[PDB]
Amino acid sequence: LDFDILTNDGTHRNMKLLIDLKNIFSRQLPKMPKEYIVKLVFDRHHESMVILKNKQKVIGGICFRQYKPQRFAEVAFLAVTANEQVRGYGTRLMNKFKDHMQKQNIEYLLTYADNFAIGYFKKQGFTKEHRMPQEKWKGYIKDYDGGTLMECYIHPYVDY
């Protein structure tokens, strides 16, 4: 099991793993428009950490967008393929991601919870109540009335 940041570098290998991840996102988020998932995943501002099984089988991942100078990032999509769930991968992935964001000097993670995912994000330390003022992410992260915006603080010296 490897947790690697997947770069869209135009290579057959990488773009294959990104499509694989996009397809997992699509299946785990049936209501999310597939063309929209493709748009964000291959976007110049988005990055993806994938759960690589046996060096070539992606079984899950997180697609995120860093707002570097602002020190916060948005988790656009997160999922683990159905036949690999309840095996501890979801938590390990978020932990590896938090460790990466910590090293990236990102102090806050924001995400609009899938509602079927709220329990997961609550479990990963995210909260419905914000510590970061809306004014802070206003103009960077979209403000939707629907969906639950949940936040998670990344402490500078907590071991993830």
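Rigid core: the largest C-alpha set superposing within 1.5 Å between the two forms. Note that residue numbering follows the sequence shown and begins at 1.
- The higher RMS C-alpha distance to the shown form in 6 other deposited structures of this protein, out of 107 to 115 and 40 to 48, belongs to 107 to 115, with every structure fitted on the core.
- For 118 to 126 versus 90 to 98, the mean Cα distance to the shown form in 6 other deposited structures of this protein after rigid core alignment is larger for 118 to 126.
- Stretches compared: 124 to 132, 34 to 42. Higher mean C-alpha B-factor in the entry: 124 to 132.
- In this entry, 115 to 123 shows the higher mean Cα temperature factor of the pair 115 to 123 and 91 to 99.
- Taking only the listed residues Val50, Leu29, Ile106, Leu110, the entry reports the highest CA temperature factor at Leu29.
- When all modelled residues of the chain are sorted by CA temperature factor, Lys142 is found within the highest third.
- For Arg65, the recorded CA B-factor ranks within the lowest third of the chain. Only modelled residues enter the ranking.
- Placement of the Cα temperature factor of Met15 within the chain: highest third of the modelled residues, per the deposited record.
- When the modelled residues of the chain are ordered by C-alpha B-factor, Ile5 sits in the middle third.
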